[PDB]
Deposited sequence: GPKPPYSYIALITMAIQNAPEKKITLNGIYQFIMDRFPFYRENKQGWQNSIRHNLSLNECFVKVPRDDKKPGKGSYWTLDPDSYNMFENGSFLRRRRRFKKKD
C-alpha cells in the first residue's frame, strides 16, 4: 500500500535529509523509492506529481547549481517547519 505522507511531505523529507539541504530532482526520486518501496512501481505517474508540486508551491524554491558538475531544490525558510513534530502527518497552522 501507499504511505500516508503527502508529496509535499515526501519532497520536504528529501530536502531536510540532504547534508547540504539542497537536492537534485532525481535525488528526490532516489530518496523516495529507497525509503518507500511503493514508489518503485509506475514511476511516470507519481514522479510527475513530484515535478508538479515543486513548481506549484512557493515553499519549494529552485536555486541554481553553484556551478556545473538539473538544478537544486531547496525549502523557502518560511516553510522549513511546515510540519511541527517531524511526524510529517499534518501541517501545523499559523497566520
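Against the full deposited sequence, the model leaves out several stretches, namely 1, 71 to 73, 100 to 103.
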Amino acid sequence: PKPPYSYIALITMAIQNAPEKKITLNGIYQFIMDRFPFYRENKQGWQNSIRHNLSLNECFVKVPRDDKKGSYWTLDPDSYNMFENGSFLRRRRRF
From here on, numbers count along this sequence of modelled residues.
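Between 75 to 83 and 6 to 14, it is 75 to 83 that carries the larger average Cα temperature factor according to the deposited entry. In this crystal structure, the stretch out of 46 to 54 and 59 to 67 whose C-alpha atoms carry the higher mean B factor is 59 to 67. Per the PDB record, residue ranking by Cα B-factor puts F38 in the highest third of the chain.
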